[PDB]
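Down below is the structure, laid out as structure tokens.
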2 protein chains.
Amino acid sequence: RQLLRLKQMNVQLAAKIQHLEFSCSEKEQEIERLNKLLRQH
Amino acid sequence: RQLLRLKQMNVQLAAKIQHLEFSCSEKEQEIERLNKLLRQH
Ligand SMILES: [Cl-]
């Protein structure tokens, strides 16, 4: 009950974490693409 | 006992989120820099 409220907050944090892990990986892929353009030029 | 467990885990997840938000924002700031560099040379 307070245990359910906390289990739920925890689920939401773990979901945010999954989300942030993709978003940080994509940013990393874009940086490598922008650096590749810079290096080529 | 289990509520903290959950409390403990909630601290750990919030800590991982803070780290990922910083890594993301570092990369975003780097993307802005590469874009400015590229568009300006
Ligand atoms: Cl790179």
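Letters for chains follow the order of the structure tokens (A, B, ...), residue numbers begin at 1 for each chain, and ligand numbers begin at 1 in the order shown.
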Given identical sequences, can you show me chain B least-squares superposed on chain A via all its Cα atoms in order, as an mmCIF file with C-alpha atoms, in the first residue's frame?
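This is the output file out26.cif:
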```cif
data_model
loop_
_atom_site.group_PDB
_atom_site.id
_atom_site.type_symbol
_atom_site.label_atom_id
_atom_site.label_comp_id
_atom_site.auth_asym_id
_atom_site.auth_seq_id
_atom_site.Cartn_x
_atom_site.Cartn_y
_atom_site.Cartn_z
ATOM 1 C CA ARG B 1 0.222 -0.684 0.341
ATOM 2 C CA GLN B 2 3.248 1.565 0.751
ATOM 3 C CA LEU B 3 5.628 -1.084 -0.460
ATOM 4 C CA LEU B 4 4.169 -0.503 -3.901
ATOM 5 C CA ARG B 5 3.679 2.807 -3.904
ATOM 6 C CA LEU B 6 7.435 2.129 -3.860
ATOM 7 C CA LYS B 7 7.238 -0.761 -6.295
ATOM 8 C CA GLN B 8 5.146 1.335 -8.621
ATOM 9 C CA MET B 9 7.518 4.268 -8.346
ATOM 10 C CA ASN B 10 10.477 1.993 -8.971
ATOM 11 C CA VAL B 11 8.867 0.913 -12.286
ATOM 12 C CA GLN B 12 8.279 4.497 -13.236
ATOM 13 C CA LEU B 13 11.863 5.583 -12.478
ATOM 14 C CA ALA B 14 13.358 2.586 -14.253
ATOM 15 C CA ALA B 15 11.180 3.512 -17.294
ATOM 16 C CA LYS B 16 12.452 7.147 -17.302
ATOM 17 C CA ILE B 17 16.057 5.830 -17.011
ATOM 18 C CA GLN B 18 15.528 3.538 -20.071
ATOM 19 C CA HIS B 19 14.153 6.481 -22.056
ATOM 20 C CA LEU B 20 17.055 8.787 -21.034
ATOM 21 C CA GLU B 21 19.700 6.115 -21.757
ATOM 22 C CA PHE B 22 18.246 5.772 -25.283
ATOM 23 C CA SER B 23 18.106 9.583 -25.842
ATOM 24 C CA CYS B 24 21.745 9.751 -24.596
ATOM 25 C CA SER B 25 22.920 6.983 -26.793
ATOM 26 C CA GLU B 26 21.105 8.463 -29.829
ATOM 27 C CA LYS B 27 22.988 11.718 -29.186
ATOM 28 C CA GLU B 28 26.322 9.978 -28.701
ATOM 29 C CA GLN B 29 25.905 8.067 -31.945
ATOM 30 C CA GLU B 30 25.054 11.473 -33.603
ATOM 31 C CA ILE B 31 28.219 13.048 -32.118
ATOM 32 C CA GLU B 32 30.287 10.197 -33.673
ATOM 33 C CA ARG B 33 28.654 10.916 -37.004
ATOM 34 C CA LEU B 34 29.279 14.707 -36.855
ATOM 35 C CA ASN B 35 32.875 14.154 -35.774
ATOM 36 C CA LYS B 36 33.449 11.715 -38.743
ATOM 37 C CA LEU B 37 31.843 14.123 -41.105
ATOM 38 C CA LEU B 38 33.923 17.018 -39.810
ATOM 39 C CA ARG B 39 37.280 15.260 -39.619
ATOM 40 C CA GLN B 40 36.724 13.652 -43.059
ATOM 41 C CA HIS B 41 35.357 16.970 -44.624
#
```
